[PDB]
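1. Just need the structure, nothing else, for what follows:
(chains A, B, C, D, E, F, G, H, I and J, ligands or ions: 10)
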Amino acid sequence: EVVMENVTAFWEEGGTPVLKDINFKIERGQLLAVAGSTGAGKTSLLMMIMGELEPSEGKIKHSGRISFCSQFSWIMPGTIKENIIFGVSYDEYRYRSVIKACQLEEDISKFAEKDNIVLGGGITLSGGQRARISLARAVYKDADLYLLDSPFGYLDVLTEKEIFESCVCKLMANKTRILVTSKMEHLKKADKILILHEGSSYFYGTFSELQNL
Amino acid sequence: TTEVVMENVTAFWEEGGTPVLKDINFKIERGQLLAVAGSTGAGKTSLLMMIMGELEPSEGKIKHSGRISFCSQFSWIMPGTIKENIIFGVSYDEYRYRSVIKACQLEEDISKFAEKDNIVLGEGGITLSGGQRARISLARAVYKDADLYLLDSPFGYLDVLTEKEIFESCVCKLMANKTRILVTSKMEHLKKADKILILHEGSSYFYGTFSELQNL
Amino acid sequence: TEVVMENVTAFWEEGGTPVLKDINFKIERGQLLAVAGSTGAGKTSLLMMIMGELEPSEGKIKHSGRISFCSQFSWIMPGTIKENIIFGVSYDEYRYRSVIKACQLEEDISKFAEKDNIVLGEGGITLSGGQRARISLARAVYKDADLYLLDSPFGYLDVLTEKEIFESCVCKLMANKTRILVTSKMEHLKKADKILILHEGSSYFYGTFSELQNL
Amino acid sequence: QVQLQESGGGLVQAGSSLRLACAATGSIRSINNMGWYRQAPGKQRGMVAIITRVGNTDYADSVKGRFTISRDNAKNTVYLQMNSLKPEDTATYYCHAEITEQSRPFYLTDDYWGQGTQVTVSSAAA
Amino acid sequence: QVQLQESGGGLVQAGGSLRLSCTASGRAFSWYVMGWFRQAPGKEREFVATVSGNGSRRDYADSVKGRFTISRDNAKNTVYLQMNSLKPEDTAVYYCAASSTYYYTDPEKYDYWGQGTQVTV
Amino acid sequence: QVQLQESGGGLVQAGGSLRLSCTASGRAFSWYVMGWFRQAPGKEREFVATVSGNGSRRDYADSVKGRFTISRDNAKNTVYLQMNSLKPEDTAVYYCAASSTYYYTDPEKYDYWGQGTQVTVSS
Amino acid sequence: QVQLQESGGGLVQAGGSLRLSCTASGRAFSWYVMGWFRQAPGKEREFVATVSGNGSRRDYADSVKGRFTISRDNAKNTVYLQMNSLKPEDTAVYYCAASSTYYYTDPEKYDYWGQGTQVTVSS
Amino acid sequence: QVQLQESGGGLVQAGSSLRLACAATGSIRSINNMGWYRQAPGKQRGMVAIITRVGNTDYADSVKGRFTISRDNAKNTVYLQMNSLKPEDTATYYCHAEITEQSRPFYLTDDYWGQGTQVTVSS
Amino acid sequence: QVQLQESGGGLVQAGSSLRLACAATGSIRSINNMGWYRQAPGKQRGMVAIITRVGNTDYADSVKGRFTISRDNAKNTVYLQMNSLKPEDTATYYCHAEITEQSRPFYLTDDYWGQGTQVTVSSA
Amino acid sequence: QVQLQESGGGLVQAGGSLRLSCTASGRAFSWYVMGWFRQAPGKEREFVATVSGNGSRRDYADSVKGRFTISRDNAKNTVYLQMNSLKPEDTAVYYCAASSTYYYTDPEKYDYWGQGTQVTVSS
Ligand SMILES: Nc1ncnc2c1ncn2[C@@H]1O[C@H](COP(=O)(O)OP(=O)(O)OP(=O)(O)O)[C@@H](O)[C@H]1O
Ligand SMILES: Nc1ncnc2c1ncn2[C@@H]1O[C@H](COP(=O)(O)OP(=O)(O)OP(=O)(O)O)[C@@H](O)[C@H]1O
Ligand SMILES: Nc1ncnc2c1ncn2[C@@H]1O[C@H](COP(=O)(O)OP(=O)(O)OP(=O)(O)O)[C@@H](O)[C@H]1O
Ligand SMILES: OC[C@H]1O[C@](CO)(O[C@H]2O[C@H](CO)[C@@H](O)[C@H](O)[C@H]2O)[C@@H](O)[C@@H]1O
Ligand SMILES: OC[C@H]1O[C@](CO)(O[C@H]2O[C@H](CO)[C@@H](O)[C@H](O)[C@H]2O)[C@@H](O)[C@@H]1O
Ligand SMILES: [Mg+2]
Ligand SMILES: [Mg+2]
Ligand SMILES: [Mg+2]
Ligand SMILES: [Mg+2]
Ligand SMILES: [Mg+2]
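-> Numbering: from 1, shown residues only, chains lettered A, B, ... in the order given. Ligands and ions are numbered 1, 2, ... in the order given. You can find the structure just below:
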């Protein structure tokens, strides 16, 4: 599904490479965890899969159907429903299932207008509410590959636990997912793990291999 | 700040029919509170309609100094914010505004909203409770600076606890020096009235003070 | 004999210090009374009394009910500029456009593509302090009243705009209407018919500009 | 003589239903407004639901849609149908009525209150 | 959030038919999962039939399957229950309820309830 | 346009009581003057009671005066008819109707109508 | 709700001058009555100065009267405290608070509070 | 080896202030996210306030503006400044932290919880 | 008596910064509402920025966000921090102040003006 | 067109820490690239750190790298600068600036500027 071989890239010509000799193969329906220190090149790696970053050396292979969840939540003017469905056609089952999984039902049902409350000249949501709406939008989009760049960053540990278990693991169970996370709790459930440090791959393998210190 | 006088006043809604009000007499001095009590259909609203000129007397005479603010039995809300609904084309004064809200038991409700008084009313924005609607309607009427205040059953859709607070702090304290005509059938309200008019089927069954009513 | 005050004293809180102590003045029809004083003197409170928001404990106040009040603090309601200016009052183009001109708003309004049909929020956060103050003053002068109470309207205005507004609006447009202006500017005081100087609720001076000049 | 008597209270589980009833007895000429109020421990008494003689109803935001107020003008009784009970509804429920006594020469009302009925929503129940 | 009112109840001979209606007063009717529930004298409230906000999902109690039909009109803020071939077992107070939560048939998940209508067979 | 649906009809013994409801589906309910009309079999539609959009004006047929009460809930888009102390004369199909024109009791002025409910008063 | 953040505190020479600022984050800033409160070491939070939402009403503690000035900028969601002719008595943590209820000076009526700023005066 | 210790709880009157503190002790390489959670009787455990390493804060709607979360990265401590206390805030307050132990070869975190501090607000 | 003395003007390149300062000297009891104004050749004098004693500021649309007005009440000085200069800002900058002279028996103000400061912004 | 106001400046001993804040008042804060700039005595305004509108891009001057951290809160319209392990070299007036153009670290590309705050690092 997703393959990278001896991949290196630079943001600025004649600068330091943002990613240095990156190698990995993620099979269909697998969960790859991308861990690392701040500025390691994790987002930059996802930017490369999106084509926003061109490799100077190496090769990248994948199927075009990608749904990307940013580290930074973004909300368009309009209703909650308008924000989650976006371009995509509406299916009640898919919609209400995504909301449930992304811990949004309780928040939405607190409003009298429910999903029809205007967002963005309208209500202001919390960081967590915004992050949940952004993740909901990404998981609602039907793609072959899901790039989830630190979605739980502005979420409390209780909500994050519920979302990871019921959305990332249960709802998206059969889809190829790349999750940018540095949590052991998340890493235990990963098929493969990539640890980045200053553009370099410090670890690549299974959880058992990582466990064997 | 007005005198309200009625002398042998009778009126009809329909030509040649039954008179809605039969031989009405009363004199309300400046800054006084007149309580208008009666059974349903007695002609209470019709009496207020007459003061407003919407009902012309067939016989008798009515005298008053204009500048009248009227509070309907039936709450009405215009599209716009809470502030827009209360101030209603009347110049804005913070002290007067925030004092009226306090008196009309609206502060707590308004502060419950994140947008406070800037919340948009009507179908477009929000649906308030009967009590919230009634409070906003009364607030609007008491915010208007008039010489005479005609309050037709404003506490109709209010709970007894809120009604007690509003009557005491708004009708009695806030509007203390303004001439007021309050359509109410509550003894609790009647005890605080300067004069009391009791109507039954268009006729005046009682007119006098609370002590005179007590002696019956 | 439009506005008359006789031995007027009032308190905001019972048993407290009187906000206004033994106030006396008579403003004839179409005259300009300037109300000067230090901060906290009781100037706004005096206007509040004329409005009926403050009841005197002692003394008597006489005037015709038609009052238009301009607050020190600008307030803009949600709606268009025209909606804010004309407000409850009916629309007359001559009166509307003359008031805009006098209140230095024409240039600002014409800068917008939608002109007076530009939608403002509550508090007019889009507009500048001066633009907000001008819209508030425009609204007050557009209301047709017998008495105009202008409480420090030029507070958030530049000296050049204030000069234009004072000369063409307060003095030219409202020339035949009785008006009370809360101002501590000599430039404004010279054009006053009578001047009331308040200090800690008390009247320190009451008379003409020539009488004030001779002190 | 005017007596307001509440009934229907008790200890229930969360999610349970309950019907409170309050009847006006004695020399009652007429009653116009009736209502249900509640007072939780430490907290002040507040409205739950009110009903006009003609049947127009108002509700507290917390109870709107879950609770239903009704009246039998023939029986001089007000009812509170309490559905999907929450432990937040635990309080003493009071009944109020604006009653005109048969003795009164005119159609003038007086405020009458019930003694209360305790409603407890807890797993202590059956 | 929503005020519900049922109608259509009454007395009928066995093998007969009855149609119940329930109008909702409030915002976002389409968000709610509507359901019909029955409470026989001495019994608890049992689930009868449910409709998703969309109307896409309909579920029925095994006892009523093939005889009862649940329908919705979001434009009219109404939910209906067509009860055909009635048996004396169906004698109960029929309640109409709304749930703000997706896909549950347990009356414990339904927050807003109507007054109910007695059906005798 | 408004769509009206009545409920509350049925069989009752004389001296009894019945409450009819009528929900309106459509925009600007408050604009309409609501009315209750009864059609006795082999008789013309007769006016029973009317209520103004506001609820400020209520009018009743002489026959029902003092026994029937018309009420409105604009928030719930419904109009009600409380029929107390029923006589066998009141047996008819009760219709709910809306008028877009102000204050007429004639059924000719009402454009929108409901299906009707049969009310039967025995003994 | 409103989130408050004060700034401008520090060390000053007696008879000095210091200006405190407080920016509020949230809706309807004009609804809130803003106030400056000081907490002396060991003592309770004492009221210093208050501003109505409009800015029309300003009240000061007797101790600070004539030396301190409270101001507001609703467009900038800021409230200021100009502290002139400072004395060693004014050494305290200055808090900025918002009240959703009209016109009180008691800190008990203020629901939203800032982190505070230390302001020290030495003779 | 690594432990979270809460302090500052107790019985207070309504309107009172309170400062909860929670310090991370032991072999700490780094801490990423810190937060305050609460569990009232019968209700479930929920967030009060959370804080990122860089200082970005989020709050529960019920506490936003009244409560303030802060952190001292040097002292490995998180603080909850609880102002204008209401009897609705009575609950057990728990502290959470995403900690990287000094022993870990990579910058990977583990979830740590405190034992809880009881806060009781009387009326 | 009382004088207003501007300083800080000059010829700068576009994008440059500049700080104008204007101090009130003489017998001054108090100063209210100081401000900055500008007049380009041939055109009329208009506001740039104004400041109340308490510190509330208003700006011309053209300068809002780029220019910052500030005041030191102890020093009786008003300042105009002019950032990201454009050739449109070329004008004579005047300082204004509403001053109460000590001699005055009441708290009444008089309008005082500065001599002007020439600020010229070159494209090159 | 945003009005910028910095706070948090002052005196500190070397090796110390200081946190600067900058609130911007105006529309579309998220459009602007925020930046911290320092003006050393005798020197021109030099770039310190920058943040893109949403906060995805952060860049620092080589001299401050690893010691200073730039952060943003679009909900609060504020930008922060955490200055750890200060050296006497960092003594300068710290300015907060907004750029309406995407991604430049040069102060010439920044149109809106704040008043500045003096930061003094002693020994
Ligand atoms: N669009 C861009 N153009 C140029 N450089 C960029 C761009 N986006 C990021 N960078 C730089 O590339 C480097 C890698 O940063 P990156 O966004 O991958 O951090 P990260 O690994 O995602 O960690 P974190 O998200 O936790 O900060 C950083 O130095 C960053 O400034
Ligand atoms: N505008 C009107 N045109 C014609 N008849 C009217 C009008 N208003 C009221 N009526 C009639 O006059 C009587 C109503 O009197 P009115 O409504 O003033 O009594 P009331 O004391 O206000 O009753 P309630 O206590 O219900 O408000 C009724 O017969 C009614 O039909
Ligand atoms: N609405 C009010 N309610 C109670 N007290 C008030 C009210 N308005 C003002 N006061 C008090 O009475 C005094 C009157 O001050 P007032 O505002 O009238 O003076 P002023 O001349 O208008 O001052 P300024 O020049 O600041 O406007 C104030 O010190 C204040 O504490
Ligand atoms: O339907 C008749 C209508 O006319 C009355 C007459 O008193 O009142 C009107 O009074 C003035 C005319 O001076 C109108 O401008 C006003 O709108 C009417 O209210 C009254 O019966 C009725 O309202
Ligand atoms: O808070 C008291 C209140 O009373 C004053 C004094 O007259 O003005 C009120 O009086 C009018 C009636 O003429 C009310 O309608 C108005 O809302 C009140 O403001 C004033 O001090 C105060 O507002
Ligand atoms: Mg990144
Ligand atoms: Mg759209
Ligand atoms: Mg009436
Ligand atoms: Mg409007
Ligand atoms: Mg004043």
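2. Tell me, how many residues neighbour residue 118?
-> By default, I'm working from chain A. By other CB atoms under 10 Å in any protein chain shown, 14 other residues sit near residue A:118. Backbone N, C-alpha and C define where each C-beta goes, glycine included.
3. Switch to chain E, please.
-> So residue E:118, with other CB under 10 Å, has 11 neighbours.
4. how far away is it from residue F:5?
-> Distance, residue E:118 to residue F:5, by CB to CB, to the nearest Å: 20 Å.
5. Same check on residue A:61?
-> 62 Å.
6. count of residues packed around residue E:96?
-> Residue E:96 - counted by other CB under 10 Å - has 29 other residues nearby.
7. meant to ask about residue A:89, not that
-> That count, for residue A:89 with other CB under 10 Å as the rule, works out to 7.
8. now do residue A:213
-> 6.
9. Now do the contacts for it.
-> Under the criterion of CB atoms under 8 Å, 6 or more residues apart in numbering or on different chains, the neighbours of residue A:213 are residue H:105.
10. Skipping adjacent residues, who's closest to residue 75 in space?
-> No chain in the question, so chain A it is. Excluding the flanking residues, the one nearest residue A:75 by CB to CB, 6 or more residues apart in numbering or on different chains is residue A:120, at 5.2 Å.
11. should've been chain E
-> residue F:25 (7.2 Å).
12. what's the distance between the one you found and residue F:78?
-> Distance of residue F:25 to residue F:78, given as CB to CB: 11 Å.
13. In which helix or strand does residue D:111 reside?
-> Using DSSP states H and E, residue D:111 falls within strand D:110-113.
14. Return the set of buried residues in that strand.
-> Residues of strand D:110-113 classed as buried by neighbour count (16 or more other CB atoms under 10 Å in any protein chain shown): residue D:112.
15. just stretch E:23-30 next, same as before
-> For stretch E:23-30, by 16+ other CB under 10 Å, it's E:23-29.
16. any idea which of these is closest to residue A:34?
-> Nearest to residue A:34, judged by CB to CB, of the buried residues of stretch E:23-30 is residue E:28 at 39.2 Å.
17. How much space separates that closest one from residue A:103?
-> 19 Å.
18. Next, name the residue at the spatial heart of chain A.
-> residue A:148 (0.4 Å; CA atoms, centre = their mean).
19. Sorry, wrong one. I was asking about chain E.
-> Central residue of chain E (CA atoms, centre = their mean): residue E:36, at 1.8 Å.
20. Just the C-alphas of the helix or strand encompassing it, formatted as CSV.
-> Element membership of residue E:36, judged by DSSP H and E, is strand E:33-39. The C-alpha coordinates for strand E:33-39 follow below in CSV (Å, rounded to 0.1, in the frame of the first residue of the first chain):
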residue,chain,number,x,y,z
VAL,E,33,-34.5,8.5,16.7
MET,E,34,-38.2,8.1,17.2
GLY,E,35,-39.8,5.1,18.8
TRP,E,36,-43.2,3.6,19.8
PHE,E,37,-43.3,2.0,23.2
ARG,E,38,-46.2,0.1,25.0
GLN,E,39,-46.8,-0.3,28.7
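21. what's downstream of that strand, the next helix or strand?
-> For strand E:33-39, the following helix or strand on the C-terminal side (DSSP H and E) is strand E:45-51.
22. Please list the residues outside that following strand that contact it.
-> In contact with strand E:45-51 (CB under 8 Å, 6+ apart) are residues D:17, E:33-40, E:57-61, E:64, E:68-72, E:79, E:81, E:92, E:94-95, E:105-107.
23. all helices for chain A, in order.
-> Assigned by DSSP state H, the helices in chain A fall at A:42-50, A:80-85, A:92-101, A:105-110, A:127-140, A:157-163, A:184-187, A:207-211.
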